[PDB]
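*Asks:* Quick one: structure below, then a few questions.
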Amino acid sequence: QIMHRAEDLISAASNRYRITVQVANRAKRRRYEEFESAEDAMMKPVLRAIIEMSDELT
Amino acid sequence: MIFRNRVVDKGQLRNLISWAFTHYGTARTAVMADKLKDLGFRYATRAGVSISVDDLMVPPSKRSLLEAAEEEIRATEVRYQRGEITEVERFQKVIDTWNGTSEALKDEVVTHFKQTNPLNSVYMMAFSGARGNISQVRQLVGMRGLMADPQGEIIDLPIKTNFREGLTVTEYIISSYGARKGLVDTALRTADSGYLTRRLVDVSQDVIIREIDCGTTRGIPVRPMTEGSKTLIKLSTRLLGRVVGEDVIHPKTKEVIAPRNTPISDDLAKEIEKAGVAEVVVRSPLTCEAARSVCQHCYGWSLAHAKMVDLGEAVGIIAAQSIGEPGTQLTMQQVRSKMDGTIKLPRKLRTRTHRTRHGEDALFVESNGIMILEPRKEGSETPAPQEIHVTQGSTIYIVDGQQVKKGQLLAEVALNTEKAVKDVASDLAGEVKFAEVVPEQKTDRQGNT
Amino acid sequence: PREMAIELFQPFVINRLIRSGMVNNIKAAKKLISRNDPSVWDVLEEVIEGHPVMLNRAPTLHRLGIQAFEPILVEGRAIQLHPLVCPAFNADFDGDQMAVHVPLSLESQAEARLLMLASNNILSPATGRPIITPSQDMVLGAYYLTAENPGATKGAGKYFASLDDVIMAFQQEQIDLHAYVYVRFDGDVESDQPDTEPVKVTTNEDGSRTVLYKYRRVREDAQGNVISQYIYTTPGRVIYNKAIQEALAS
Amino acid sequence: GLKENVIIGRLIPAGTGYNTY
Amino acid sequence: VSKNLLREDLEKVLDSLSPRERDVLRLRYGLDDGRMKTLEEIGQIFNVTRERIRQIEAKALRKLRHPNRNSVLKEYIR
Amino acid sequence: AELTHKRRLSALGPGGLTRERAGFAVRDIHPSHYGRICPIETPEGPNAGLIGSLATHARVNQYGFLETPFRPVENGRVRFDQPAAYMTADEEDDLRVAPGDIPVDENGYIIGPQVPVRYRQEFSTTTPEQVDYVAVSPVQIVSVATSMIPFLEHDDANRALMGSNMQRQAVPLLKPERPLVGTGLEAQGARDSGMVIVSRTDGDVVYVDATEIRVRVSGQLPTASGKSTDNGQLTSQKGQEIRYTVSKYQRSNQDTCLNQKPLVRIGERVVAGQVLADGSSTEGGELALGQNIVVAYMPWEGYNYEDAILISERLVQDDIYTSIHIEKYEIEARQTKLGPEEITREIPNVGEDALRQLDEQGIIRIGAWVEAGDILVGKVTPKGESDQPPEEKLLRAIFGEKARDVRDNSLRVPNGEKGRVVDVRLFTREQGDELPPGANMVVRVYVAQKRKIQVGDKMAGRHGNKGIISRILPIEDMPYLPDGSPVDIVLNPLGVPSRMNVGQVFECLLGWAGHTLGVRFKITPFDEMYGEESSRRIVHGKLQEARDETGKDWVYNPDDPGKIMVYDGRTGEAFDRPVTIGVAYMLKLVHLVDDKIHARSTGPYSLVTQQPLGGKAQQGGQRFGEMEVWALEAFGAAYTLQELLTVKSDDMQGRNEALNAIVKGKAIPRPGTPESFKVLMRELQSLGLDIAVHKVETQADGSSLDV
Amino acid sequence: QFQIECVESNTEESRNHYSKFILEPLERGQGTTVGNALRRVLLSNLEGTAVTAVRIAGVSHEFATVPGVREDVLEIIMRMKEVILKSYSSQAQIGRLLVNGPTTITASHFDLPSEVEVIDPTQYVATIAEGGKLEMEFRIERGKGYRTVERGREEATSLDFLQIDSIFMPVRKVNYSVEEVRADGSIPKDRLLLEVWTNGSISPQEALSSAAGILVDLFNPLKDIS
Amino acid sequence: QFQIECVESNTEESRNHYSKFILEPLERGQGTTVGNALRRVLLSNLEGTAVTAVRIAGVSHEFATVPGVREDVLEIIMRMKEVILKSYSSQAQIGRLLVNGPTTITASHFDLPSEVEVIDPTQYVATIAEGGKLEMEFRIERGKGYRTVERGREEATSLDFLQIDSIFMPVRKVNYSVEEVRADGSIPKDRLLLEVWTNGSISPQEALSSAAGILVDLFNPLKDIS
């Protein structure tokens, strides 16, 4: 689940920083790109970013 | 999957958790932790569990233990007035006797609860796991012993009762004294801490892990911390999560553990404690090269989660908060291992009486030795309980002044002696007249007066 | 609280207004915001979840002193607060206070989540020890749950076999919360007070050495290896064990 | 280093300074 | 902010009727840093004119005036 | 809170010390205070010790030392008859002095030949004969709120410290009821407040409407044994200005309200010093600080888990624990050298809550509900213009609105207030003209407010029981009682820990006895003259017998003293462990949730240093000191840190445009350098410096400098 | 089964309508829960009527006094709440009150449009005197239970239209408990000992009824509803 | 209003009849103990059927083994208890069981009658080998309480007529809980989230029904009955 994904995400990746930031900017793009595509009000671009980086990417 | 039949409350859940942790995520654990607090509560409730002055049992031989102590003092003063023995003297014990009793009580009570309470509060919460301590549960029923005066004179007559009986005044005052002192203190050492850290952090501000390369193979040894046969720290922990400069070598009665650079996880500890090793050498950032910081590799696990630190983290300021804090609570036995007596090896302990004098009497200096560490007092030659020879001073709450009654003060147990002066005030209005000693004159041992 | 949560989140919300279009300009919003239109207490909290928040009890050297938290609305004016986290912040509830801040860049959200989110930090950075720990009464719940009331008679020396059977029995009080009883469980105990060695094996027939233990009771030899596995445990402890269990894996 | 970046605003030897770096 | 919204809000909303004239809308008025460029100077500024100014001036206003047009600043009257 | 704030005495002050310049042992209980300064008593903060109050009995000699009342014991035996002994202004009476807690043989004689005594600042085993002095009582050294604790004798001190104080902070209520078990010592306390109204003299009441007791200026038997004997100058007989008024709802130094309903009947017989109507929170003419409700001790899951309190709903449903508060609001108008600025009924931009609940001068009518944004009083301002952006001239043009010119600083209720309006108090040339030099009107306005209890309120007992409400349970879910009577608080059982305040169970219990017996009972700390706890076999005793006067039976269970069964509302069962139960007297505390709530999206900044204006009233902001940042950089990804350091406090432009940038719907832009840097430059520069903050760019590495 | 009686019901004198209600058989735990369940609902949501809003008219608002009358406004109201008043229209039947003289004042004084009625007069109200006026009228409703100035007249009519919040209660208190009917042999059984006190305006019994009603109600459409 | 709705019915699979059940609203005094009230009764007294008495016939009594079969008698039974069996007759619908060979045995093997049929076969009973001869039959009944033969029966059975005690349960587990459902501009409200798991032999729903039944039943005699 996203929670365990969020865990697995950084349970087997680069510096926990290093990750984040790239999670971050990603979502940044996930927000910039697809700007207000699917409302996303619920699945924050960050959340997206995470899942698509903690499961999709994995 | 390991079913566990055990009374869980404080610690049982503590290590549990960890266990979980390692073996599962956090995330899970959390959500565990939760579900179970949730138990916690609801059962608690369901039990329904109240306390009261009555719930504050009294340990019956409260009595004997006590007024015995009293007649102690009777002897005390007996010769005291009678100038066999006298004031700094008998009095530095009309004092000790109290605090020995104090242990005596400490015992009768806990011992008692230890053998009572079919899931009673003082056993369901206190004694087991809860705010209940002992410390304050002593004098939730126990008898307070001496305490002190505003500064550090331990006033003579102890704080005889506890809070059922409720004090009577004087105490009440006395009691206050303390509490005030405690207070104003607090009002101070508050800052004092905060102050520290602030230094600490300043001095230790940016040792940031910069760098995995590092180099070097030297470290440092370790060994449990072991004041007296009391060994403070299972080596084990102390090893936690460091890296093993070289191979931890068991008595070769086995072969090679942990080469090297081996983040030393617990399991590994706990065992290689129990391969009896004795020290080991652990990439000490006290050395190891890493610019203005400690080698990422020569640092080791980060207790933030019991896993090596990440990177680019100012472990310095972090190592400051850690220290800093608890500093605050620097305040500046139970499980009836025996009773109110403690680590009495085989038979004997040695002190001073001149400032006590009332016959077989005494305040305190140190203790010696022969540490079989089992009921008899202090010596060798085996007691009843657990027979393996040892040797050294041994903390024995019941300390000294012989039991003119029930114990000559204990609750300062010590496993710097400057002077003071004997009041010999007029004990009455009459024709003073000394003799049989008349004051061998001098200006050597007193000075010049 | 609702009062504060707004202001904290003020803008973000208005944004959402304009997104939903309900609000046109901002002053539009502004005004509407004070009118507390349905959205004000409807939109908001969509703006809000996911969006971590950081709490802190007074100036706090300790990093864990402040963590990330999910803002759920609530009525009166306090901050609700979880017991497990209390020790960390070291809070009474005798009137302490805390303070909230909220993070903006989105990036700054990330790393709230990612690395302060009060869940994931269990254990003292000053010492591997955990720091979440069920602390008081909740201990003694668990205690009391799991204690060992003597004389335990109702449903004592009974027998059970998984399903959480014994449970059912418990709601039917077939046994007593405190009441030793056999339970079929092929797993491992730990009992405390290890007993491993047998005691009084029952040498009779097939696999019948069949053998006791201060807790266990079991079937090896011809029978097999452990066909029997009844645990001498009170019906509470089973709960507990269960409760973990399922929370843990599944 | 750090303590300034703060005093000063820019961010930290770590962060992007450790990422981009 | 509110303000600066205004800017653009406008901008577009103006900037959707006669882009050339829109220039004078900012020339003889603000939308930049003159209040002003007196029609006089402005008339010739864009293309030298005397009979093509206050006409398109009012035209512009009344155009972006009336509901649907002025009804956009109706709420953002900043 | 008064008394104790009059007979407070202090060490500081000009002539005194300072906190700093005096440290510690100058804060301690010099053993002479005994009897003269309640040791239990102190703020803290630093001031511990610096501020004591006065023992109960103490008082001072014209020199201004504290003569201490005592009792002359002859042959070690006080004759009692002695009207005390007003000597011992200093502790060095030097003598056998007895601590006023003595098992005393009836008829004088002491009893134990081991009576302690102080002496030369020492306690000392003494015998009954050779002794001089006994204290008048065993509860004199203590002071207000300290010698009042129901069962003091039985607690930690300090805790009792806290106690006292709490007691001073209990708001007063609509009708604070005299508690149940009280220390006797109070009627007085009330009486001398001077918050009540006291038979001045004498008389048998006659006319008493709720605003005065014309038993006074009426002229009959009240006012007229307000004619019995008939004062020096005063209105010696008639209907006398013994017209005491009596005053309703005036604000307090804490915004609390006060009032004294007639209380007395009509046609009846009063003597001086009696008491006529009651102050805020006093009741039978005696002190009454809070109320008394039935409590249980159990560990209610979560709510109450720790330092949390539950509550039935009936609690405040019966209007208990709700108090008043009222409120000053003034506002004033003032000749700008632009002009006056005023007070109109009229203001631009109005309609409901504006030009609606508004007088002809834009004031309010007395007695008007208001709410959180409405207008108290409306006034405008000569704003004019003389500085505008062309875009504003546009938007006119389009609407060609020839805009108005007048800021309009009405006065609005801020937010989170309610409540009728009591009053107004205009102040101008004619209206007293009490205003700054050049002001015209000043207006006060007063607004009041019931408040029920509600989650979030320090609320505590008389024994340092600092607790906060968490959930309120609708009444039909609490464990009620065997008689179904729903209990209603439920504190945590395990008590007398670090608080060492076991004292409070004692009395709960007790209460409950006099709660079932339905009879109040006074008492005193140090129930001595009894080898055993004494208080312990009282209380039982009473219970005990309390059964049978109603035979309710579950009133008292020797087995498990005062434990009871309890069901529980939610479903209907007790448990393995019976829980104690008592009534108990709680008390609710001023600093109320609203008193501490805040938020700031953004608001006003600083002057010099633009960082939000954080001070408590007005949109302040949480300060992130070093140790706080020591929790941020100590963590991992610390952007936040950064930004927090700036865009929400300083890059000025940074602030804004962020804000914006979210309103846009995207992220935010990279920050810049905060201010207060730039400031520091300045100073330093202003002090013989040559700061070159500067870059080193090009392949030719380029050294510059900057703003 | 479920056979019931009333050991003794003094539901006549009002205040406490003490009325034990002895059941007969029940099932294991039934008495407890089936007793309980009432209790709850009994307490909790029946109908009651009571004042809500008051019309002094001497007066702005609560903090006035009013001449000649011993008791500051509030408490008057406060004595409002507890007057006791059955209705039938279940609407706002306003009764007045205009008193004077020197005196006390009793619940009965209120001049409401009947179909409502004092339950039981002589509840002490206020104490007018000299040249007072005791100008009063005020409302009634049959509101749910303990309306806390929520679903009542608030932030509205205020011109002397001050209102209260209030209870609605019908019932003061209630217990019950459970004993073994001694049927253990075949199967231990159960009797429920209800009892209940109501304010007065209503016997018990019908109270029960009412409840029961409610319950039955509730369950009724829960049979495989979905 | 006050209508329940199945949301997570998984009755399909043997047990886990699991079925969240939501109630449009609830009004005050519901779920917290109306939910409750069920729960209790749900658990507590429905109908179930299950074995009680067993007829090994190889065997005196519990402590025999029996050849060729892996599992000492007891546990067999013990595995009795949990087989799962719906009746409709509730009478002595005795099924047999006789089986040889080398094998495992399951409820299906048991020659129980058309009545007390298997719910769900494959409950593993037991394990025999070497053509070991079985001799099983045993009883069924319908019955309420989880009920020990101590109260069940001690007697007539006296020839391979060994019996068990047992449950009857229909339902494994149940929760619920409650939310405030806003619509409070019209009183805060309430939804009950029941959910329930039954063993299998019965959906939920009808379980409900049944309960409800019961309640209503007792709730009918509560309106002024006495």
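The way I read the labels, and the way they are meant: chains A, B, ... in the order of the structure tokens, residue 1 as the first residue of every chain, and ligand 1 as the first ligand shown, with later ones counted on from there.
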Do a neighbour search on residue 7 (chain A) at 8 Å with only C-alpha atoms, toss out local chain neighbours closer than 3 positions, and write the hits as a PyMOL selection string.

*Replies:* (chain A and resi 3-4+10-11) or (chain B and resi 25-27)

*Asks:* Could you write out as a list in words the residues of chain F within 6 Å of chain B, counting only C-alpha atoms?

*Replies:*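 Close to chain B, chain F has residues 153, 154, 157, 297, 298, 299, 300, 301, 493, 494, 526, 533, 575, 576, 577, 579 and 634 of chain F.
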
*Asks:* Distance cut-off 12 Å, counting only C-alpha atoms - which residues of chain E neighbour chain C? Return them as a ChimeraX atom specification.

*Replies:* /E:1-6,9,71-78

*Asks:* Okay, now the selection with C-alpha atoms, as a PDB file, in the first residue's frame?

*Replies:*
ATOM      1  CA  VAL E   1      -1.417  40.288  -4.869  1.00  0.00           C
ATOM      2  CA  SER E   2      -5.009  41.342  -5.157  1.00  0.00           C
ATOM      3  CA  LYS E   3      -3.810  44.203  -7.078  1.00  0.00           C
ATOM      4  CA  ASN E   4      -1.562  42.425  -9.188  1.00  0.00           C
ATOM      5  CA  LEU E   5      -4.251  40.255 -10.191  1.00  0.00           C
ATOM      6  CA  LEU E   6      -5.975  43.320 -11.229  1.00  0.00           C
ATOM      7  CA  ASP E   9      -7.103  40.328 -15.057  1.00  0.00           C
ATOM      8  CA  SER E  71     -18.934  42.580 -15.267  1.00  0.00           C
ATOM      9  CA  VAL E  72     -15.437  41.015 -14.885  1.00  0.00           C
ATOM     10  CA  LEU E  73     -14.026  43.857 -12.708  1.00  0.00           C
ATOM     11  CA  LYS E  74     -17.562  44.081 -11.210  1.00  0.00           C
ATOM     12  CA  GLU E  75     -16.092  41.908  -8.392  1.00  0.00           C
ATOM     13  CA  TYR E  76     -12.388  42.844  -8.825  1.00  0.00           C
ATOM     14  CA  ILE E  77     -13.104  46.626  -8.709  1.00  0.00           C
ATOM     15  CA  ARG E  78      -9.533  47.011  -7.323  1.00  0.00           C
TER      16      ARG E  78
END

*Asks:* If we count only C-alpha atoms and set the cut-off at 8 Å, which residues sit around residue 422 (chain F), ignoring sequence neighbours fewer than 3 positions away in its own chain? Please answer as a JSON list (two decimals) with N, CA, C and O atoms, in the first residue's frame.

*Replies:*
[["chain", "number", "residue", "atom", "x", "y", "z"],
["F", 366, "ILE", "N", -27.75, 49.22, 23.53],
["F", 366, "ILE", "CA", -27.61, 48.37, 24.67],
["F", 366, "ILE", "C", -28.31, 47.08, 24.49],
["F", 366, "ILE", "O", -29.48, 47.05, 24.21],
["F", 367, "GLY", "N", -27.66, 46.02, 24.78],
["F", 367, "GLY", "CA", -28.52, 44.90, 24.78],
["F", 367, "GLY", "C", -28.70, 44.62, 23.35],
["F", 367, "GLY", "O", -29.74, 44.87, 22.80],
["F", 368, "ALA", "N", -27.68, 44.18, 22.71],
["F", 368, "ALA", "CA", -27.88, 43.71, 21.39],
["F", 368, "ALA", "C", -27.01, 42.55, 21.20],
["F", 368, "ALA", "O", -25.81, 42.69, 21.28],
["F", 445, "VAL", "N", -17.28, 50.25, 25.22],
["F", 445, "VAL", "CA", -18.44, 49.45, 25.10],
["F", 445, "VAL", "C", -18.15, 48.11, 25.65],
["F", 445, "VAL", "O", -17.03, 47.63, 25.63],
["F", 446, "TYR", "N", -19.15, 47.56, 26.21],
["F", 446, "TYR", "CA", -19.03, 46.53, 27.15],
["F", 446, "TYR", "C", -19.84, 45.41, 26.69],
["F", 446, "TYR", "O", -21.03, 45.57, 26.58],
["F", 447, "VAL", "N", -19.27, 44.28, 26.60],
["F", 447, "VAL", "CA", -20.02, 43.20, 26.07],
["F", 447, "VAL", "C", -19.79, 41.95, 26.85],
["F", 447, "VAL", "O", -18.67, 41.67, 27.24],
["F", 448, "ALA", "N", -20.81, 41.23, 27.11],
["F", 448, "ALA", "CA", -20.75, 40.20, 28.09],
["F", 448, "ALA", "C", -20.98, 38.90, 27.44],
["F", 448, "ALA", "O", -21.19, 38.83, 26.27],
["G", 63, "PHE", "N", -28.90, 41.21, 31.86],
["G", 63, "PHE", "CA", -28.22, 41.60, 33.02],
["G", 63, "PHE", "C", -28.92, 42.70, 33.68],
["G", 63, "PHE", "O", -28.52, 43.11, 34.75]]

*Asks:* Need the shell around region 200-207 of chain C: protein/DNA/RNA residues with any atom at most 10 Å away, counting only C-alpha atoms. Skip same-chain ones fewer than 6 positions apart. Format as a ChimeraX atom specification?

*Replies:* /C:213-214,217-228 /H:65,67-72

*Asks:* Using only C-alpha atoms, I'd like every residue of chain C that has an atom within 9 Å of chain B; please write them out as an MDAnalysis selection string.

*Replies:* chainID C and resid 61:63 83:84 119:150 185 187:192 231:234 237:238 240:249

*Asks:* If you measure from CA of residue 381 (chain F) to CA of residue 331 (chain F), what distance in Å do you get, rounded to one decimal?

*Replies:*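 Separation between CA of residue 381 (chain F) and CA of residue 331 (chain F): 13.3 Å.
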
*Asks:* Compile a residue-level contact table for region 10-128 of chain C against region 10-21 of chain D at a cut-off of 12 Å, reporting for every qualifying residue the shortest atom pair and its distance in Å to one decimal, with only C-alpha atoms counted, rows ordered by chain and ascending number, as a tab-separated table.

*Replies:*
residue	atom	partner	partner_atom	distance
C:107	CA	D:15	CA	11.2
C:108	CA	D:15	CA	11.2
C:111	CA	D:15	CA	10.8

*Asks:* Write out as an MDAnalysis selection string all residues of region 62-123 of chain C that DSSP puts in strand (DSSP E or B) for this structure's backbone.

*Replies:* chainID C and resid 66:69 99:101 117 123

*Asks:* Generate a file of the selected residues that holds N, CA and C atoms, formatted as an mmCIF file, in the first residue's frame.

*Replies:*
data_model
loop_
_atom_site.group_PDB
_atom_site.id
_atom_site.type_symbol
_atom_site.label_atom_id
_atom_site.label_comp_id
_atom_site.auth_asym_id
_atom_site.auth_seq_id
_atom_site.Cartn_x
_atom_site.Cartn_y
_atom_site.Cartn_z
ATOM 1 N N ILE C 66 9.706 18.196 17.123
ATOM 2 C CA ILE C 66 8.628 18.571 16.163
ATOM 3 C C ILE C 66 8.640 17.545 15.025
ATOM 4 N N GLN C 67 7.460 17.133 14.553
ATOM 5 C CA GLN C 67 7.382 16.172 13.421
ATOM 6 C C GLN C 67 6.328 16.642 12.419
ATOM 7 N N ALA C 68 6.048 15.827 11.400
ATOM 8 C CA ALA C 68 4.984 16.159 10.426
ATOM 9 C C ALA C 68 3.697 15.460 10.870
ATOM 10 N N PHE C 69 2.534 16.036 10.553
ATOM 11 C CA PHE C 69 1.251 15.462 11.038
ATOM 12 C C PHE C 69 0.130 15.767 10.040
ATOM 13 N N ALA C 99 2.224 24.322 18.993
ATOM 14 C CA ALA C 99 2.170 25.359 18.044
ATOM 15 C C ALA C 99 2.300 24.768 16.722
ATOM 16 N N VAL C 100 1.761 25.372 15.742
ATOM 17 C CA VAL C 100 1.604 24.648 14.534
ATOM 18 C C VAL C 100 2.256 25.339 13.423
ATOM 19 N N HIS C 101 2.910 24.661 12.570
ATOM 20 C CA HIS C 101 3.161 25.396 11.401
ATOM 21 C C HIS C 101 2.874 24.580 10.238
ATOM 22 N N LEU C 117 7.350 12.258 9.408
ATOM 23 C CA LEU C 117 5.977 12.063 9.570
ATOM 24 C C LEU C 117 5.822 11.229 10.753
ATOM 25 N N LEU C 123 11.976 5.890 17.394
ATOM 26 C CA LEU C 123 12.884 5.409 18.351
ATOM 27 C C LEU C 123 13.992 6.370 18.472
#

*Asks:* Set the distance at 12 Å and use only C-alpha atoms: which residues neighbour residue 69 (chain E) once local chain neighbours fewer than 4 positions away are removed? I'd like the list as a list in words.

*Replies:* residues 9, 10, 12, 13, 14, 15, 16, 17, 60, 61, 62, 63, 64, 65, 73, 74 and 75 of chain E; 398 and 399 of chain F

*Asks:* Write the residues of the preceding selection, restricted to C-alpha atoms, as a tab-separated table (two decimals), in the first residue's frame.

*Replies:*
chain	number	residue	atom	x	y	z
E	9	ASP	CA	-7.10	40.33	-15.06
E	10	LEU	CA	-7.62	43.32	-16.92
E	12	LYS	CA	-6.32	40.01	-20.93
E	13	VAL	CA	-9.72	41.20	-20.51
E	14	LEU	CA	-8.81	44.24	-22.25
E	15	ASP	CA	-6.32	42.51	-24.26
E	16	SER	CA	-9.05	40.76	-26.28
E	17	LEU	CA	-10.47	43.74	-28.27
E	60	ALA	CA	-12.81	50.83	-25.90
E	61	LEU	CA	-14.43	51.75	-22.53
E	62	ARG	CA	-18.10	51.14	-23.54
E	63	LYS	CA	-16.83	47.94	-25.24
E	64	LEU	CA	-15.13	46.55	-22.07
E	65	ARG	CA	-18.02	48.30	-20.23
E	73	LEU	CA	-14.03	43.86	-12.71
E	74	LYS	CA	-17.56	44.08	-11.21
E	75	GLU	CA	-16.09	41.91	-8.39
F	398	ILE	CA	-15.16	51.83	-16.69
F	399	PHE	CA	-17.40	52.27	-14.06

*Asks:* For the atom pair CA of residue 184 (chain F) and CA of residue 139 (chain F), what is the interatomic distance in Å to one decimal place?

*Replies:*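 CA of residue 139 (chain F) lies at a distance of 12.0 Å from CA of residue 184 (chain F).
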
*Asks:* What residues in chain A have any atom no more than 12 Å from chain B when counting only C-alpha atoms, and can you write them as a PyMOL selection string?

*Replies:* chain A and resi 1-11+13-19

*Asks:* Based on the selection just made, write C-alpha atoms of those residues as a PDB file, in the first residue's frame.

*Replies:*
ATOM      1  CA  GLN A   1       0.000   0.000   0.000  1.00  0.00           C
ATOM      2  CA  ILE A   2       1.129   3.652  -0.519  1.00  0.00           C
ATOM      3  CA  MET A   3       2.264   3.633   3.160  1.00  0.00           C
ATOM      4  CA  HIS A   4       4.366   0.440   2.726  1.00  0.00           C
ATOM      5  CA  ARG A   5       5.360   1.801  -0.726  1.00  0.00           C
ATOM      6  CA  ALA A   6       6.488   5.110   0.872  1.00  0.00           C
ATOM      7  CA  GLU A   7       8.464   2.817   3.229  1.00  0.00           C
ATOM      8  CA  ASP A   8       9.811   0.442   0.512  1.00  0.00           C
ATOM      9  CA  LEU A   9      10.533   3.547  -1.491  1.00  0.00           C
ATOM     10  CA  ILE A  10      13.103   4.674   0.812  1.00  0.00           C
ATOM     11  CA  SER A  11      13.829   1.345   2.390  1.00  0.00           C
ATOM     12  CA  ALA A  13      16.997   3.645  -2.567  1.00  0.00           C
ATOM     13  CA  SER A  14      19.640   6.450  -2.468  1.00  0.00           C
ATOM     14  CA  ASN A  15      20.120   8.955   0.414  1.00  0.00           C
ATOM     15  CA  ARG A  16      16.778   9.405   2.016  1.00  0.00           C
ATOM     16  CA  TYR A  17      17.381  12.908   1.032  1.00  0.00           C
ATOM     17  CA  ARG A  18      18.456  12.088  -2.340  1.00  0.00           C
ATOM     18  CA  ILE A  19      15.290  10.488  -2.813  1.00  0.00           C
TER      19      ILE A  19
END

*Asks:* Set the distance at 10 Å and use only C-alpha atoms: which residues neighbour residue 192 (chain G) once local chain neighbours fewer than 6 positions away are removed? I'd like the list as a list in words.

*Replies:*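 Contacts, with the query itself left out: residues 2, 4, 20, 21, 22, 23, 24, 25, 26, 29, 30, 31, 32, 33, 34, 35, 36, 175, 176, 177, 178, 179, 180 and 181 of chain G.
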
*Asks:* Please dump the current selection as a PDB file, in the first residue's frame; keep C-alpha atoms.

*Replies:*
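The file below, selection-v3.pdb, is the result:
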ATOM      1  CA  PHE G   2     -41.380 -10.691  28.684  1.00  0.00           C
ATOM      2  CA  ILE G   4     -44.115  -7.192  33.209  1.00  0.00           C
ATOM      3  CA  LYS G  20     -40.621  -0.069  40.072  1.00  0.00           C
ATOM      4  CA  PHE G  21     -41.435  -2.186  37.032  1.00  0.00           C
ATOM      5  CA  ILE G  22     -40.827  -5.899  37.789  1.00  0.00           C
ATOM      6  CA  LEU G  23     -40.276  -8.094  34.691  1.00  0.00           C
ATOM      7  CA  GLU G  24     -40.830 -11.888  34.859  1.00  0.00           C
ATOM      8  CA  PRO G  25     -38.458 -14.199  32.815  1.00  0.00           C
ATOM      9  CA  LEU G  26     -36.060 -12.473  30.297  1.00  0.00           C
ATOM     10  CA  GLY G  29     -28.084 -10.766  29.922  1.00  0.00           C
ATOM     11  CA  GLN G  30     -31.445  -9.619  28.459  1.00  0.00           C
ATOM     12  CA  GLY G  31     -32.527  -7.787  31.654  1.00  0.00           C
ATOM     13  CA  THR G  32     -29.182  -5.910  31.645  1.00  0.00           C
ATOM     14  CA  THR G  33     -29.130  -4.901  27.923  1.00  0.00           C
ATOM     15  CA  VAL G  34     -32.940  -4.853  27.389  1.00  0.00           C
ATOM     16  CA  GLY G  35     -32.981  -2.696  30.461  1.00  0.00           C
ATOM     17  CA  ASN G  36     -30.280  -0.672  29.463  1.00  0.00           C
ATOM     18  CA  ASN G 175     -32.457   2.443  37.024  1.00  0.00           C
ATOM     19  CA  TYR G 176     -32.655  -1.021  36.814  1.00  0.00           C
ATOM     20  CA  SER G 177     -31.077  -4.148  37.521  1.00  0.00           C
ATOM     21  CA  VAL G 178     -31.253  -7.763  37.145  1.00  0.00           C
ATOM     22  CA  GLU G 179     -31.677 -10.860  39.271  1.00  0.00           C
ATOM     23  CA  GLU G 180     -31.719 -14.659  38.743  1.00  0.00           C
ATOM     24  CA  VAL G 181     -35.411 -15.739  38.539  1.00  0.00           C
TER      25      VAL G 181
END
